[PDB]
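Please read the structure below before turning to the comments.
Numbering starts at 1 and runs along the sequence shown. Only heavy atoms go into these numbers, but all of them, side chains included; no hydrogens, no water, no symmetry mates.
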Amino acid sequence: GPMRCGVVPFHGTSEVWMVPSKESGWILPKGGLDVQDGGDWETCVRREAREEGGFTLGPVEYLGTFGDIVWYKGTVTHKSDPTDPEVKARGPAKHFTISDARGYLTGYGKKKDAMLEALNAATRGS
């Protein structure tokens, strides 16, 4: 089964938080399961958001499994500076309009296609 999770972390109603990529761009938080998660997807999602962005989230919703990563969305209810020195060295998270965020996830192939699919699932109309 999938061994990684990720999150679409919203800033208010209309923007999405992103964290710096390794090519001077922007990505969504995602990562592998940790033993502390106990195999629980929601726990992994919340831990990833906390570790990569300093994000605390409200209720989360499952979006789907894209690129062998389990994706949720949630709205950020608290933001703090990340404590991991390696995360801090990448630099501050930022929030962007949904359109800008979609652009920042577009065209990167396997590096971000699942992130893009998660963003689109999170913002799909009904």
Side-chain angles (χ1 to χ4, degrees):
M3 293 312 270
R4 292 153 189 100
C5 305
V7 66
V8 183
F10 284 83
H11 172 73
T13 58
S14 308
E15 296 193 21
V16 54
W17 283 102
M18 318 180 75
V19 297
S21 77
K22 299 182 177 182
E23 300 184 355
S24 304
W26 299 101
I27 50 177
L28 303 181
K30 55 87 154 153
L33 281 159
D34 188 282
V35 292
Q36 300 276 318
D37 302 330
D40 186 65
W41 304 125
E42 167 176 2
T43 297
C44 176
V45 162
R46 289 182 184 279
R47 178 182 56 72
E48 283 305 316
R50 172 169 71 242
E51 290 181 347
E52 297 205 24
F55 308 128
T56 302
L57 308 167
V60 295
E61 295 188 22
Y62 173 62
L63 300 171
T65 299
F66 311 126
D68 209 28
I69 300 154
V70 171
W71 292 92
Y72 284 64
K73 68 175 173 182
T75 306
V76 171
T77 53
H78 193 89
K79 170 83 176 71
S80 52
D81 296 332
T83 57
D84 181 338
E86 198 64 5
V87 173
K88 174 178 173 159
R90 300 214 275 264
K94 287 301 190 62
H95 51 77
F96 298 108
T97 70
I98 288 155
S99 173
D100 279 1
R102 177 175 289 114
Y104 289 140
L105 300 174
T106 288
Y108 298 84
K110 187 172 178 190
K111 297 302 282 195
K112 313 187 189 180
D113 281 340
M115 281 163 201
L116 176 59
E117 199 182 341
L119 177 65
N120 287 336
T123 57
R124 185 203 168 187
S126 277

Any side-chain to backbone donor/acceptor pair from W71 onto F66? Under 3.5 Å, distance only.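 Confirmed, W71 side chain pairs with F66 backbone.
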Donor-acceptor check, side chain of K94 to backbone of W26, threshold 3.5 angstrom: yes or no? no
Same cluster for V87 and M18 if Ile/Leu/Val/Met/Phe/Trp/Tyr side chains link at under 4.5 Å? no
Would a hydrophobic clustering, with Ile, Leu, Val, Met, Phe, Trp and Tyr connected at side-chain separations under 4.5 Å, put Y108 with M115?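 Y108 and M115: separate clusters.
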Quick one: [atom1] on [X] to [atom2] on [Y], what's the gap to the nearest 0.5 Å?
{"X": "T75", "Y": "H11", "atom1": "OG1", "atom2": "NE2", "value": "11.0 Å"}
{"X": "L105", "Y": "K111", "atom1": "CG", "atom2": "NZ", "value": "13.5 Å"}
{"X": "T106", "Y": "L116", "atom1": "OG1", "atom2": "CG", "value": "4.5 Å"}
{"X": "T123", "Y": "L63", "atom1": "OG1", "atom2": "CG", "value": "9.5 Å"}
{"X": "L28", "Y": "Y104", "atom1": "CG", "atom2": "OH", "value": "13.0 Å"}

My understanding is that only residues two or more places apart in sequence, or in another chain, count here; which of them pass side chain to side chain contact (heavy atoms under 4.5 Å, CB included) with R47? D34, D37, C44, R50, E51
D81 atom CG, over 12 foreign heavy atoms within 6.0 Å: no
Using a 6.0 Å cut-off, check whether atom CZ of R4 has over 12 heavy atoms from anything other than its own residue. no
For a quick test of reading the model, state the closest non-hydrogen atom pair linking [X] to [Y] and the distance between them.
{"X": "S21", "Y": "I27", "result": "CB-CG2, 3.9 Å"}
{"X": "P2", "Y": "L33", "result": "O-CD1, 4.4 Å"}
{"X": "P9", "Y": "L57", "result": "CB-CD2, 4.3 Å"}
{"X": "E48", "Y": "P29", "result": "O-CB, 4.2 Å"}
{"X": "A101", "Y": "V16", "result": "CB-CG1, 3.0 Å"}
{"X": "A93", "Y": "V19", "result": "CB-CG1, 4.1 Å"}

Check whether any side-chain heavy atom of [X] sits under 4.5 Å from a side-chain heavy atom of [Y], and report yes or no.
{"X": "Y62", "Y": "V45", "answer": "no"}
{"X": "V76", "Y": "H95", "answer": "no"}
{"X": "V60", "Y": "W41", "answer": "no"}

Going by an N to O cut-off under 4.0 Å, is there a salt bridge joining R46 and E42?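 Answer for the salt bridge query: yes.
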Let me see the working for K79 and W17 under side-chain contact (heavy atoms from CB on, under 4.5 Å), right down to the final yes or no. CA-CA 10 Å; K79 170 83 176 71; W17 283 102; 3.8 Å; yes
